[PDB]
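So this first bit is one chain, no partners, the form deposited in one PDB entry, shown in structure tokens.
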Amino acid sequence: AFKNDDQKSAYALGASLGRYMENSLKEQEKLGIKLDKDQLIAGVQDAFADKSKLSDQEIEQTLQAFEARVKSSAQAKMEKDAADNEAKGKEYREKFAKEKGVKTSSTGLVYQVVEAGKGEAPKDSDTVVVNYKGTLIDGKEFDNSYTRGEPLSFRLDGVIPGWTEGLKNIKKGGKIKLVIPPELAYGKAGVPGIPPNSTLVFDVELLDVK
């Protein structure tokens, strides 16, 4: 496959560039931007052979415009998503909060104790051990301890406020459903996997409190 390092390392370096481009295409697709892949590859090949069809100024200006197009799109989408998610989330929480056995805390956390459990009331400095599933209001799973094959262990004050607050509502052996406003979660910015202003739905099983 590879005779020596000048080959293998080259190939690796190249594959890394190829991977980078694919990743870039993926973020662009989120914005409806679908670049011409053949042209993307040809520019790489041409440049690499010192035969670019575009002058240095043209490249620079073209990229400048492109990067502005991308950022402009990205911002409008963030703006729209944020507004839409805040609204849909409020509606969702409002409806759920009315259901049998569901409660709303003074902070806006909405929760449903499924099993109370038994033992000490969890406190901020405790280590809790849990199984859990996290999904968005449309059902999209973004996190899931089961898939890693072990429960998550963490300091109660080391997670999002909705968790820090919610788990205090049960004890060891308990189970609770938490419907958390973005204000007690990842807010407007969100994080990878979690869009701006997302209400999060967690199904949690509290296995240990130590």
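For the two forms, the rigid core is made up of the largest set of C-alpha atoms that agree within 1.5 Å on superposition. Note that residue numbering begins at 1 and tracks the sequence as displayed. Shifts are known only where both forms have a C-alpha.
**Q** Please compare 161-169 with 145-153 and name the stretch with the higher mean C-alpha B-factor in the deposited structure.
**A** That would be 145-153.
**Q** Tell me which stretch, 69-77 or 82-90, has the higher mean Cα B-factor listed in the entry.
**A** Here the higher of the two C-alpha B-factor means belongs to 69-77.
**Q** By the CA temperature factor listed in this entry, which of these ranks top: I180, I41, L54, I176?
**A** Checking the PDB record, the top C-alpha B-factor among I180, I41, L54, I176 is at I41.
**Q** State the tercile, meaning the lowest, middle or highest third, of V130 with respect to the CA B-factors recorded for its chain.
**A** As the PDB entry reports it, the C-alpha B-factor of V130 lands in the lowest third of its chain.
**Q** Going by the recorded CA B-factors, say which third of the chain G117 sits in, lowest, middle or highest.
**A** Ranked within chain, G117 CA B lands in the lowest tercile.
**Q** Among the modelled residues of this chain, does the Cα B factor of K3 put it in the lowest, middle or highest third?
**A** It falls in the top third of the chain.
**Q** Sorting the chain's CA B-factors, does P196 end up in the lowest, middle or highest third?
**A** Tercile = lowest for this residue's CA B-factor.
**Q** Relative to the other modelled residues in the chain, which third contains the C-alpha temperature factor of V102: lowest, middle or highest?
**A** Lowest third of the chain for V102's C-alpha B-factor.
Although it is not shown, the form deposited in another entry is what the next lines describe.
**Q** Between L35 and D84, does the Cα distance in the other entry come out closer or farther than in this form, changing by 3 Å or more?
**A** Compared with this form, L35 and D84 lie closer in the other entry.
**Q** In the other entry, do the Cα atoms of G190 and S24 sit closer or farther apart than here, given a shift of 3 Å or more?
**A** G190 and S24 sit farther apart in the other entry.
**Q** Note down every stretch of 3+ consecutive residues with C-alpha shifts of 2 Å or more between the shown form and the other one, superposition done on the rigid core, in sequence order.
**A** Runs 1-63, 68-70 stand out as displaced between the shown form and the other one - each at least 3 residues long.
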